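Trainee: So I've got this file, my_file31.txt, and it contains compact mmCIF, C-alpha atoms:
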```txt
# COMPACT_ATOMS: atom_id res chain seq x y z
CA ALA H 1 22.43 32.34 -117.62
CA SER H 2 18.74 32.00 -116.76
CA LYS H 3 15.59 29.97 -117.56
CA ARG H 4 16.32 26.38 -116.44
CA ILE H 5 18.51 25.61 -113.44
CA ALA H 6 18.55 21.98 -112.24
CA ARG H 7 15.65 22.69 -109.84
CA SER H 8 13.11 22.66 -112.69
CA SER H 9 11.25 19.37 -113.13
CA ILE H 10 7.76 18.70 -114.47
CA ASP H 11 5.20 16.53 -112.66
CA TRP H 12 6.20 12.99 -113.62
CA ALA H 13 3.34 11.45 -111.62
CA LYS H 14 0.52 12.83 -113.77
CA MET H 15 2.52 12.07 -116.92
CA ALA H 16 3.12 8.48 -115.79
CA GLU H 17 -0.58 8.01 -115.07
CA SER H 18 -1.52 9.43 -118.47
CA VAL H 19 0.59 7.14 -120.68
CA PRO H 20 -0.69 3.57 -121.38
CA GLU H 21 2.51 2.00 -119.99
CA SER H 22 4.03 -0.41 -122.53
CA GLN H 23 1.81 1.01 -125.28
CA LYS H 24 3.86 4.18 -124.84
CA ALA H 25 7.02 2.43 -123.61
CA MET H 26 9.07 5.11 -125.41
CA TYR H 27 8.17 7.27 -122.40
CA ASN H 28 10.10 4.75 -120.31
CA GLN H 29 12.96 5.40 -122.72
CA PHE H 30 12.23 9.15 -122.74
CA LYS H 31 12.34 9.50 -118.95
CA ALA H 32 15.66 7.65 -118.71
CA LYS H 33 16.99 9.64 -121.68
CA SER H 34 15.98 12.86 -119.94
CA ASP H 35 17.41 11.47 -116.69
CA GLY H 36 20.75 10.97 -118.42
CA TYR H 37 20.80 14.64 -119.36
CA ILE H 38 19.95 15.40 -115.74
CA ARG H 39 23.17 13.53 -114.88
CA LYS H 40 24.96 15.94 -117.20
CA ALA H 41 22.92 18.69 -115.53
CA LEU H 42 24.08 17.33 -112.15
CA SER H 43 27.66 18.18 -113.07
CA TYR H 44 28.95 21.65 -113.98
CA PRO H 45 26.78 24.13 -112.05
CA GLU H 46 26.43 27.78 -113.04
CA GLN H 47 29.46 29.24 -111.27
CA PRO H 48 32.84 27.52 -111.69
CA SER H 49 35.30 26.71 -108.92
CA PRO H 50 36.71 29.90 -107.34
CA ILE H 51 40.47 30.41 -107.58
CA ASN H 52 42.51 32.26 -104.95
CA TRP H 53 44.50 34.60 -107.19
CA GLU H 54 46.31 36.25 -104.27
CA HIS H 55 48.16 33.04 -103.36
CA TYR H 56 49.62 32.79 -106.86
CA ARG H 57 50.40 36.53 -106.87
CA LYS H 58 52.50 36.21 -103.71
CA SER H 59 54.12 32.87 -104.57
CA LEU H 60 55.19 33.91 -108.08
CA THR H 61 58.14 36.31 -108.12
CA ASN H 62 56.54 38.52 -110.80
CA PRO H 63 52.74 38.68 -110.31
CA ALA H 64 52.20 40.79 -113.45
CA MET H 65 51.35 37.67 -115.45
CA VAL H 66 48.80 36.66 -112.80
CA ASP H 67 47.22 40.12 -113.00
CA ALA H 68 47.09 39.85 -116.80
CA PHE H 69 45.50 36.40 -116.53
CA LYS H 70 42.94 37.68 -114.01
CA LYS H 71 42.15 40.71 -116.19
CA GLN H 72 41.70 38.51 -119.27
CA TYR H 73 39.56 36.04 -117.30
CA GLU H 74 37.27 38.86 -116.16
CA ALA H 75 37.16 40.31 -119.68
CA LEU H 76 36.29 36.95 -121.29
CA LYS H 77 32.89 36.18 -119.74
CA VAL H 78 30.95 34.37 -122.47
CA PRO H 79 27.17 34.07 -121.91
CA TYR H 80 24.79 31.24 -122.79
CA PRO H 81 24.54 29.88 -126.37
CA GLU H 82 21.48 30.13 -128.62
CA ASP H 83 18.41 27.89 -128.66
CA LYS H 84 18.28 25.96 -131.93
CA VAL H 85 15.09 23.94 -132.43
CA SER H 86 12.73 25.75 -130.08
CA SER H 87 10.64 26.86 -133.08
CA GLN H 88 10.27 23.24 -134.21
CA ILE H 89 8.93 22.31 -130.77
CA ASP H 90 6.61 25.33 -131.00
CA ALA H 91 5.48 24.18 -134.46
CA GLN H 92 4.81 20.66 -133.17
CA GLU H 93 3.09 22.22 -130.15
CA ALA H 94 0.57 23.88 -132.47
CA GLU H 95 0.19 20.59 -134.35
CA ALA H 96 -0.31 18.84 -131.00
CA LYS H 97 -3.05 21.34 -130.12
CA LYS H 98 -4.83 20.54 -133.39
CA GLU H 99 -4.52 16.83 -132.64
CA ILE H 100 -5.71 17.55 -129.09
CA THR H 101 -8.83 19.27 -130.42
CA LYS H 102 -9.42 16.56 -133.03
CA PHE H 103 -9.11 13.74 -130.49
CA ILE H 104 -11.26 15.59 -127.95
CA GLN H 105 -14.21 16.13 -130.29
CA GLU H 106 -14.03 12.56 -131.60
CA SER H 107 -14.03 11.22 -128.04
CA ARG H 108 -16.95 13.53 -127.26
CA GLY H 109 -18.80 12.04 -130.22
CA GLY V 1 -19.12 -2.48 -120.78
CA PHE V 2 -20.55 0.89 -121.77
CA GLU V 3 -19.45 2.36 -118.43
CA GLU V 4 -15.94 0.97 -118.88
CA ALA V 5 -15.74 2.32 -122.43
CA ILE V 6 -16.67 5.76 -121.09
CA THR V 7 -13.88 5.65 -118.51
CA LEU V 8 -11.36 4.52 -121.13
CA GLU V 9 -12.29 7.53 -123.25
CA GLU V 10 -11.90 9.71 -120.15
CA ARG V 11 -8.33 8.45 -119.73
CA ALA V 12 -7.64 9.06 -123.43
CA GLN V 13 -8.76 12.68 -123.11
CA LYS V 14 -6.57 13.13 -120.02
CA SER V 15 -3.54 11.76 -121.87
CA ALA V 16 -4.19 14.34 -124.58
CA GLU V 17 -4.16 17.02 -121.87
CA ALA V 18 -0.77 15.82 -120.61
CA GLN V 19 0.76 16.16 -124.09
CA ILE V 20 1.59 19.78 -123.25
CA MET V 21 3.71 18.87 -120.22
CA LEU V 22 5.57 16.37 -122.40
CA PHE V 23 6.44 19.25 -124.74
CA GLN V 24 7.63 21.32 -121.78
CA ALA V 25 9.70 18.31 -120.69
CA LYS V 26 11.23 18.22 -124.17
CA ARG V 27 11.95 21.96 -123.97
CA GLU V 28 13.60 21.54 -120.57
CA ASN V 29 15.55 18.55 -121.89
CA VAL V 30 17.02 20.74 -124.64
CA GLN V 31 17.81 23.53 -122.18
CA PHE V 32 19.43 21.07 -119.76
CA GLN V 33 21.76 19.79 -122.49
CA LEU V 34 22.74 23.31 -123.56
CA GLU V 35 23.41 24.22 -119.93
CA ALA V 36 25.54 21.15 -119.23
CA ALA V 37 27.62 21.83 -122.34
CA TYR V 38 28.08 25.56 -121.72
CA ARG V 39 28.82 25.27 -118.00
CA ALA V 40 31.41 22.51 -118.51
CA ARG V 41 33.27 24.90 -120.81
CA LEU V 42 33.02 27.47 -118.02
CA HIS V 43 34.44 24.80 -115.71
CA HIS V 44 37.06 23.94 -118.35
CA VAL V 45 38.06 27.60 -118.72
CA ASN V 46 38.51 27.88 -114.95
CA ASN V 47 40.58 24.68 -114.93
CA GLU V 48 42.72 25.98 -117.81
CA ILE V 49 43.41 29.22 -115.94
CA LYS V 50 44.29 27.16 -112.86
CA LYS V 51 46.54 25.07 -115.12
CA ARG V 52 48.26 28.27 -116.30
CA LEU V 53 48.69 29.41 -112.69
CA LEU E 1 77.24 32.34 -112.03
CA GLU E 2 79.89 29.71 -112.88
CA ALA E 3 77.28 26.96 -113.05
CA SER E 4 78.52 23.48 -113.92
CA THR E 5 77.27 21.39 -116.84
CA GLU E 6 75.07 19.16 -114.65
CA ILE E 7 73.25 22.22 -113.29
CA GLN E 8 72.62 23.29 -116.89
CA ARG E 9 71.36 19.78 -117.68
CA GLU E 10 69.16 19.88 -114.57
CA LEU E 11 67.64 23.22 -115.60
CA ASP E 12 66.97 22.01 -119.15
CA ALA E 13 65.43 18.78 -117.84
CA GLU E 14 63.04 20.71 -115.58
CA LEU E 15 62.02 23.12 -118.35
CA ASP E 16 61.46 20.24 -120.79
CA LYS E 17 59.42 18.30 -118.22
CA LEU E 18 57.24 21.34 -117.47
CA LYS E 19 56.78 21.92 -121.20
CA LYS E 20 55.69 18.31 -121.73
CA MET E 21 53.51 18.25 -118.60
CA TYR E 22 51.55 21.44 -119.34
CA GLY E 23 51.62 21.09 -123.14
CA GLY E 24 53.65 24.19 -123.93
CA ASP E 25 54.51 22.92 -127.41
CA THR E 26 51.02 23.50 -128.82
CA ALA E 27 50.27 26.89 -127.24
CA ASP E 28 52.15 29.65 -125.43
CA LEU E 29 51.47 29.15 -121.72
CA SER E 30 52.82 32.59 -120.78
CA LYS E 31 50.04 34.33 -122.71
CA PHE E 32 46.29 33.79 -122.51
CA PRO E 33 45.21 30.45 -124.02
CA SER E 34 43.37 30.68 -127.34
CA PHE E 35 40.08 28.85 -126.81
CA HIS E 36 38.68 26.95 -129.80
CA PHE E 37 35.08 26.32 -128.76
CA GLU E 38 32.11 24.91 -130.68
CA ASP E 39 28.33 25.04 -130.69
CA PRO E 40 26.68 22.60 -128.24
CA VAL E 41 24.92 19.58 -129.72
CA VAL E 42 21.12 19.58 -129.43
CA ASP E 43 19.19 16.35 -129.96
CA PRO E 44 16.47 16.16 -132.63
CA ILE E 45 12.83 16.58 -131.68
CA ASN E 46 11.82 12.93 -132.06
CA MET E 47 13.70 9.78 -131.01
```
Would it be possible to restate this file's structure as structure tokens?

Mentor:
Amino acid sequence: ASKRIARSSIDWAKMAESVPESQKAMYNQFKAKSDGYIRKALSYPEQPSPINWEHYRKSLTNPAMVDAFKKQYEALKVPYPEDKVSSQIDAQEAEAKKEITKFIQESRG
Amino acid sequence: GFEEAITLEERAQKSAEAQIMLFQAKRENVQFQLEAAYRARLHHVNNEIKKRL
Amino acid sequence: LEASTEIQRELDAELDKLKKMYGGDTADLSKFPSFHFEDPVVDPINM
């Protein structure tokens, strides 16, 4: 419902300059793998296709079933699901920070 | 050679700095997948109601 | 009112075709469809 619409995209240019190319060729796999999920993110935007309920109300002889369907559609409005492994990324983020500090001080030495 | 070895270490430190944006890219990759799955169901629900109509 | 047999066969053919087209055998199309959803699949952290 929030957080990440398709507009969000990190700076690939700085990331591409940082990696040692074929030494980190999994980034070349990672970008295409993330790009494939962008293709899934290309389809199915937030809102669905609107439906003209009044046309089916007038065309059908008894529009009570259309009103019941519209009422149930408005009642059933499920929100977003739950994030699963965000804590694991957060845990590896803290481990990355420790490896960042360790690599920084060794390079300083 | 000492000057080049300094610049190589400078690049290595910068790649360590970009590790954070990789993690954010992984977080956005997870959120993108969960959005594409949930919104397709929202598209599928709308198509099923249109199918009923 | 005083419908012939072929009209009755025509009506049954149309109802059977609509049932097979929209899948009315599995679920009641007159009522709200019972959604059977599932949790979305999230990839592991590493490759």

Trainee: Which residue is closest to residue H:15? Choose from H:32, H:59, H:27, H:84 and count only C-alpha atoms.

Mentor: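 Counting only C-alpha atoms, the residue closest to residue H:15 is H:27.
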
Trainee: Chain H residues within 7 Å of chain V, counting only C-alpha atoms: which ones, as a ChimeraX atom specification?

Mentor: /H:4,10,15,18-19,34,37-38,40-41,44-46,48-49,56,80,100,104,107

Trainee: So that all listed atoms of stretch 18-25 of chain V fit with 5 Å spare on each side, what axis-aligned box centre and edge lengths in Å, to one decimal, would you give as JSON?

Mentor:
```
{"center_x": 4.5, "center_y": 18.6, "center_z": -122.5, "size_x": 20.5, "size_y": 15.5, "size_z": 14.5}
```

Trainee: Residues of chain E within 8 Å of chain V, using all atoms listed in the file, as a list in words?

Mentor: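 So the residues of chain E near chain V are residues 22, 29, 30, 40, 41, 42, 43 and 45 of chain E.
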
Trainee: So, with all atoms listed in the file as the atoms that count, which of E:38, E:3, E:14, E:32 lies closest to chain H?

Mentor: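 Checking each of E:38, E:3, E:14, E:32 against chain H, counting all atoms listed in the file, the winner is E:32.
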
Trainee: Provide as a ChimeraX atom specification the residues of chain H at most 9 Å from chain E, counting all atoms listed in the file.

Mentor: /H:26,30,65,68-69,72-73,81-85,88-89

Trainee: Could you jot down the atom CA of residue H:66 to atom CA of residue H:54 separation for me, Å, one decimal place?

Mentor: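 Computing it gives 8.9 Å between the two atoms.
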
Trainee: May I ask for the distance between atom CA of residue H:47 and atom CA of residue H:5, given in Å to one decimal place?

Mentor: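 Pair atom CA of residue H:47 / atom CA of residue H:5 returns 11.7 Å.
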